[PDB]
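Notes to accompany the following structure.
Positions are given from 1 along the sequence. What's counted below: heavy atoms across the whole structure, side chains too, no hydrogens, waters or symmetry copies.
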Amino acid sequence: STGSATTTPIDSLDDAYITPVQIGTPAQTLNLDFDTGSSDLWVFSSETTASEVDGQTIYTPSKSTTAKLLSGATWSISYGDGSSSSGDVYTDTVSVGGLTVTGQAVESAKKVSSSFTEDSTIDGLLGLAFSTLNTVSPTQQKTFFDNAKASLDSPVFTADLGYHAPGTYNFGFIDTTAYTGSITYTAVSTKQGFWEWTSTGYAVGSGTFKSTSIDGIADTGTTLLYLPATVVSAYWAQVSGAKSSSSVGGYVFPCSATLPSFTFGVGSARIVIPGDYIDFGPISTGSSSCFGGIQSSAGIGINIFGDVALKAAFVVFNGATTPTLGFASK
């Protein structure tokens with residue numbers, strides 16, 4: 001089998017991407033944030049505290065003839081941005097772009113933190129990291145990809161995120177029309193539960209490539225590119241007036257600037273992020289200070305190849321017995 005679904009930016013900055021997902025019988029369609037940095041499929045629901053729902057579409061398990069309470073199971077998750085959610089668990093039928101999994105754990109939110117409530121466009125998350133990170137207790141549950149894998153034509157999914165435009169998540173096949181050149185594959189460590197890999201270096205604009213190993217995660221659920229402070233300083237030093245602002249929480253730059261590109265290495269290959277992809281707009285409405293799309297990871301504990309980096313590439317998440325990542329230009 002295969003599936004193919006369009007993913008759409010939630011706003012004009014590409015802060016996140018939503019993909020329609022069918023849950024239950026009859027189908028209830030929710031727009032979920034596909035997140036290769038986590039491993040829970042959770043949704044706003046008829047059980048979510050009413051004051052914490054503000055415009056989202058909810059899953060109502062009592063209206064699904066295929067929903068079953070997973071008795072005794074609970075879940076609770078905290079994300080790297082300080083947001084969180086928790087609740088109980090149903091199993092139900094879940095379909096993405098024509099690909100169907102029966103018995104998928106659908107984690108129903110009883111509580112969500114304020115940042116979820118405040119984002120009316122995201123109805124939940126669909127985790128695509130390794131199932132070892134899934135938070136369901138006392139019986140850990142599998143991701144949608146893990147459940148579908150054996151049925152797929154090939155045990156892969158691909159992320160093709162657009163810049164200020166829709167893109168595609170495909171399951172079970174590699175669309176050879178969706179990229180240019182060849183796909184360069186690179187090794188993955190699953191030891192932390194992530195799609196963790198090592199970039200071979202970077203360049204800033206037209207500058208020379210610096211060969212240096214940068215371990216990080218391919219994370220569609222993170223907006224920006226988080227890299228070591230040395231790398232990030234070298235980038236922003238090429239932008240007149242850019243500075244790190246403790247009060248804003250990262251590098252800012254004059255909105256009048258034209259930003260240089262940023263290149264990252266995948267083996268001997270190179271992915272070029274155009275400068276425009278690094279502009280996240282005014283820090284507050286009407287400001288002439290703009291927020292940078294490349295930020296320091298120094299306070300995270302891990303480097304994160306988020307949407308800023310991934311949207312410059314066609315990315316293969318290869319879930320073969322030994323997982324690997326592939327990157328192609330597009």
Side-chain angles (χ1 to χ4, degrees), residues 16-17 19 21 23 32-44 70 72-92 94 96 101 103-109 112-113 115-116 122-141 143-148 150 152 155-159 169 171 186-190 192-198 215-224 226 297 299-307 309-310 315-325:
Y17 298 78
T19 308
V21 177
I23 309 177
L32 306 187
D33 184 351
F34 281 25
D35 180 10
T36 63
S38 70
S39 306
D40 288 49
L41 193 176
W42 74 261
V43 295
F44 279 79
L70 189 59
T74 59
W75 62 280
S76 179
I77 191 160
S78 313
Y79 297 99
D81 62 354
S83 67
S84 64
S85 53
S86 61
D88 56 17
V89 188
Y90 294 83
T91 57
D92 210 339
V94 171
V96 174
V101 167
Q104 173 65 43
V106 176
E107 301 173 34
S108 166
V112 305
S113 67
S115 64
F116 289 115
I122 291 176
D123 302 324
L125 268 63
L126 190 149
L128 293 167
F130 293 89
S131 293
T132 54
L133 292 178
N134 175 267
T135 79
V136 177
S137 181
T139 306
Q140 188 173 62
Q141 302 293 303
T143 70
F144 175 82
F145 178 56
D146 210 338
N147 281 321
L152 295 177
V156 305
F157 68 92
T158 65
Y169 281 102
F171 292 82
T186 196
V188 164
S189 172
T190 64
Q192 295 188 83
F194 300 121
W195 293 93
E196 189 173 358
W197 65 291
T198 303
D215 182 284
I217 66 168
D219 185 2
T220 59
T222 291
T223 312
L224 305 184
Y226 294 89
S297 65
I300 298 178
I302 198 157
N303 301 306
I304 307 176
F305 292 87
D307 298 334
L310 303 180
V315 190
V316 179
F317 294 79
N318 170 26
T321 304
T322 297
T324 66
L325 281 166

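- Annotation: the span from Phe145 atom CZ to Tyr169 atom OH amounts to 13.0 Å, rounded to 0.5 Å.
- Of all heavy-atom pairs spanning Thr186 and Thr198, the tightest one is OG1-O, 4.2 Å.
- Within the 4.5 Å cutoff, the side chain of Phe144 has no heavy atoms near those of the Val21 side chain.
- Note: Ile217 CD1 to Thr36 OG1 = 7.0 Å, rounded to the nearest 0.5 Å.
- The minimum heavy-atom distance linking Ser38 with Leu125 is given by the pair OG-CD2, 4.4 Å.
- When every heavy atom of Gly193 is checked against every heavy atom of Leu133, the shortest pair comes out as O-CD1, 3.4 Å.
- Taking the six-membered ring where the residue is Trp, the centroids of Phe157 and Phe34 are separated by 6.0 Å or more.
- Taking the side chain as every heavy atom from C-beta outward, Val112 and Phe44 approach each other to under 4.5 Å.
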Practice task
Check the pair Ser85, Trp75 against side-chain contact (heavy atoms from CB on, under 4.5 Å), reporting the backbone distance first and the verdict last.
Solution key: CA-CA 8 Å; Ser85 53; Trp75 62 280; 3.2 Å; yes

Exercise for the section: Evaluate side chain to side chain donor-acceptor pair (under 3.5 Å) for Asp81 paired with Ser83, printing each intermediate quantity in order. Expected result: CA-CA 6 Å; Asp81 62 354; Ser83 67; 2.8 Å; yes

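- Note: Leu128 CG to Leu41 CG = 8.5 Å, rounded to the nearest 0.5 Å.
- Note that OG of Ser39 and CG of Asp146 are 9.0 Å apart. Values are rounded to the nearest 0.5 Å.
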Problem - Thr135/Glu107 under side-chain contact (heavy atoms from CB on, under 4.5 Å): CA gap, chis, key distance, verdict - result: CA-CA 10 Å; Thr135 79; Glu107 301 173 34; 4.3 Å; yes

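- Taking the six-membered ring where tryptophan is involved, the planes of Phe116 and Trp42 are perpendicular, since the angle between them exceeds 60° and thus also 30°.
- Considering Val43, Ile122, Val96 in turn, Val43 is the only one that fulfils the side-chain contact (heavy atoms from CB on, under 4.5 Å) rule with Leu32.
- Between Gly72 and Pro138, the shortest heavy-atom distance links the atoms O-CD, 3.8 Å.
- Of the options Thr158, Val156, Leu152, a side-chain contact (heavy atoms from CB on, under 4.5 Å) to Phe171 is made by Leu152 and by none of the others.
- Judged by distance alone, the side chain of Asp219 and the main-chain N or O of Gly37 form a donor-acceptor pair under 3.5 Å.
- Ring-plane geometry between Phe130 and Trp195 is classed as tilted, the angle between the planes lying from 30 to 60 degrees on a 0 to 90 degree scale.
- For the pair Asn303 (side chain) and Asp215 (backbone), a donor-acceptor distance under 3.5 Å is present.
- The backbone N or O of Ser86 sits nowhere less than 3.5 Å from a side-chain atom of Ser76 that would complete a donor-acceptor pair.
- Residues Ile302 and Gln192 approach most closely at CD1-NE2, 3.7 Å, considering heavy atoms.
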Problem - Derivation of the side chain to side chain donor-acceptor pair (under 3.5 Å) call for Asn134 and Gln141 - result: CA-CA 6 Å; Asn134 175 267; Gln141 302 293 303; over 6 Å; no

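- No side-chain donor-acceptor contact under 3.5 Å links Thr91 to the backbone of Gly103.
- Residue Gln104 forms a side-chain contact (heavy atoms from CB on, under 4.5 Å) with just one option from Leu126, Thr143, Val94, and that option is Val94.
- A 4.5 Å side-chain heavy-atom check between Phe305 and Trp197 finds at least one atom pair inside the cut-off.
- Two residues are said to be in side-chain contact when any heavy atoms from C-beta on lie closer than 4.5 Å; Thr220 and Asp307 meet this criterion.
- Between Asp33 and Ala16, the shortest heavy-atom distance links the atoms OD2-CB, 4.0 Å.
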